[PDB]
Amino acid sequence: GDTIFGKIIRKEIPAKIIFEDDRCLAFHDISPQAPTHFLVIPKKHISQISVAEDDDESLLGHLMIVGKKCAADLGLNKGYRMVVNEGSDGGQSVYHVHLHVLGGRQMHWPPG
């Protein structure tokens, strides 16, 4: 089954794209929780981190390196926070794996 992030990948609805490569896409979150807030997602449809397999390991890694590179290109030099949410306790909204990256203000602890 398909999601909104699928449509973003297929270019079927607009998003402000920060970065794209053959295996992932980064773009601005539509409901930002920080002055800068974006997502990195994989093009491959993994519905959630709990069902990712051991050979997805390079791809998940790639999402984080892309995250921190986009963070640096977006001027986030005081810091940032990355998050991945799983399932209803973790507050996962879209069932296509994704990495949040937030910064531009002081983040607080605990993180939800």
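The first residue of the shown sequence is 1; numbering continues from there.
A.B. asks: Going by the average Cα B-factor in the PDB entry, point out whether 36 to 44 or 71 to 79 comes out higher.
C.D. replies: According to the entry, 71 to 79 carries the higher average C-alpha B-factor.
A.B. asks: Using only the Cα atoms and their B-factors as the entry lists them, report which of 81 to 89 and 48 to 56 averages higher.
C.D. replies: Higher of the two, by average CA B-factor, is 48 to 56.
A.B. asks: Can you tell me which third, lowest, middle or highest, the CA B-factor of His100 falls into for its chain?
C.D. replies: Its C-alpha B-factor, which the entry lists for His100, ranks in the lowest third among residues of this chain.
A.B. asks: Based on the deposited C-alpha B factors for this chain, I'd like to know if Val94 is in the lowest, middle or highest third.
C.D. replies: Lowest third of the chain for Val94's C-alpha B-factor.
A.B. asks: Sorting by Cα B-factor within the chain, modelled residues only, which third would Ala15 end up in: lowest, middle or highest?
C.D. replies: It falls in the top third of the chain.
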